[PDB]
């Protein structure tokens, strides 16, 4: 896969009692889930090589906009974010057998992944609110593109174990 020097790539790795959910993020300056790319759902004991490869694929699709390009304005539009978010919730409930968003989110942990010049910053979080996650302290897993997909998968699972 093609990763460019100086370019930022972002992705997310969420997990609850039914699934792992890997998602491409996009943006400019700050990044967020990019619902242009559907979530990739995986079983909880997916092997490290599949988990690493899936997150690398998600990162490769991460878009960086030119500020105020039609793509940037659309991506950061308040109402479009809301509509795409609600569609994501409804679709994930359908794909995982949930009838309430309360149940979908109850045990959902979240890890963020940032790639830049070969460095992978894999960050755990605290599930602070029903549908939101905030950083915790000094718990990142730092890897790089030197690492095999399997080593990346191990570091992803490690970061998930650090979520609270």
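Numbering follows the first chain given and starts at 1.
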Quick check: 89-97 versus 73-81, which has the larger average CA B-factor in the record?
73-81
Would you determine, from the values in the PDB entry, which of 104-112 and 53-61 has the greater average C-alpha temperature factor?
53-61
Select one of 139, 134, 131, 45: the residue whose C-alpha shows the highest B-factor in the crystal structure entry.
139
For residue 35, the third of its chain by CA B-factor is the highest
Cα B factor band for residue 117 (lowest, middle or highest third within the chain):
highest
Pull the Cα B-factor of residue 147 out of the PDB entry and bin it into the chain's lowest, middle or highest third.
highest
Residue 158: CA B-factor among chain residues, third -> middle
